[PDB]
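What follows is a single chain, given as structure tokens, in the form deposited in one PDB entry.
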């Protein structure tokens, strides 16, 4: 690791996982041995996916998440590095496994059977976050996971910001992606709050407009609540009460939507960190995420 200029990086706190994806002509029968058509090892995870996109956009970025020493972590570290992501803030754990998932895709009907990673690895704690010099970062994005601990991390960034002049204040964003009650306390933190379509649907909201009007009461004074909704584009709502919307930019053919939301989050964060408006950031968010949907992986998203 070397010298990182002050207020230059965008930090994404969250999960990194090794996704082993196998494409099969038919789903295997229990206790059987089949040969896959093609097999890939990928670095997944929301915060991890957003780092890749932030690097491709030309932003210096850093990742913070838990990892255990081993060959799985070595592959993920090398893949982060291949995408120019800074891994100096990784929380190296003595106990637990680096997350790894097995995804079996059936080529005959497109069905995906996923065997998710185990829960052995501890998440990043408030004490792990407390040891980080925050002066390198201009923006800190937190993927909602272990909410009680993340609230303390968010409280530490507020304490830091109270001592800085407006030009050296660290902007903050949070993602509520899974419909879990523990995560809803995170709505009240951050300057930008991303809520997923899946969370909105689980709370009874049938559109991005309903979600934003129904959830704005949970965000802190002055924050912007954002809700992406696939082919219906994305909406945003700020303190002025004006619902903002961007149409989607659907690709010529949809090839791969995995990490589309993470591409949208990184692109909105990037656009706002460059001083652009919320309306311009929604549009850019939809443009990059839309381009990504017509490509396999993140190469060529530009």
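Basically, rigid core = biggest C-alpha set you can superpose within 1.5 Å across the two forms. Numbering follows the first chain given and starts at 1.
The protein also exists as the form deposited in another entry; that form is not presented, and the subsequent description refers to it.
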Can a Cα shift of no less than 2 Å be assigned to residue 242 between the shown form and the other one, given superposition on the rigid core? no
Once you line up the core, how about residue 277: does its CA shift reach 2 Å between the shown form and the other one? no
Taking the rigid core as the reference frame, tell me whether residue 293 has a CA displacement of 2 angstroms or more between the shown form and the other one. no
